[PDB]
């Protein structure tokens, strides 16, 4: 049985020989540096009396995925002030109040809140909902727009039902229960599959949707089994419903192991830790750690899912190492402990591309310290 059932979370840093006091100090200093550090480290900026944003430093914009990550980090760290500022920002500037995308979030805006595209990014919506449910379960709801569980249910209603009221498209394909890359296109993104979150949407969503969320959890576990290369454990950034790499798109080649796909190993391992349902997740974690076992972080490239290295370097190599280390939540192979130590000995990334690395870095810091947790509906 998983942490969801037992309430006990693996502390892999403590398992590797780091002291309890060292671990929680390091987690606190990671929070301090990311949220309130120097101009070359921080990725969070407070705005006015009641708002705040996570900055994609590399792209000079604010992303629904980054905002939703910030909210997950804040609720996992018991930081209600930062949580409320981030949510109020996403609510005020990014959430559609009308049209084909009503209740969805414009995927990016300028720091001042000016929308740069109207279309959503479904990985944002699902993290928003999960963070909002945890905020409800930890702190209890407030007055709108801080009625956390009501806001979460509204997002997930749109995610399954959007094209019914009028026009628009759902973010889940009804026929196969799989999350889509965007509402309009019939393919997916393996990194967007969060079966562990769907298990919890099955507990918290609008009642009529709970069966679908349960089916989505199993469908996503099965999908990820089809998406990861059987030898390397590498997955493509964009993939067809059959799990094979999607066609080259107008905005890029997403067929290879690069930025998005790093999260797959981290997501697979967190589902293992929380629910312990699919033993393939141990083997997947072993395989990706074996692929990177004698690759130094300084040599991380773009790779074909078959494991062929490009000359082109990984844009986010610290992100990749963070996700490789987070796989130690599930891995039982010879590389598990080495990756925890390698991650411990890695500082936060600095400079203009640091945002994506440091997001993945923070989730790994939470997970490997036993602090990436389910906040349930339970007796106080």
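Positions refer to the first chain, counted from 1.
- Taking only CA atoms, the mean B-factor in the PDB entry is higher for 37-45 than for the other of 313-321 and 37-45.
- Two stretches are in play, 68-76 and 246-254, and the higher mean C-alpha B-factor belongs to 246-254.
- Highest CA B-factor among 260, 294, 271, 125, as stated in the entry: 294.
- Each of 83, 101, 134, 204 has a CA temperature factor in the record; the biggest one is found at 101.
- In the PDB entry, residue 95 places in the middle third of its chain by CA B-factor.
- Among the modelled residues of the chain, residue 139 sits in the highest third by CA temperature factor in this PDB entry.
- Residue 275 sits in the middle third of its chain by CA B factor, as recorded in the PDB entry.
- Annotation for residue 184: CA B-factor lies in the highest third of the chain's modelled residues.
- Residue 120: CA B factor lies in the middle third for its chain, per the PDB record.
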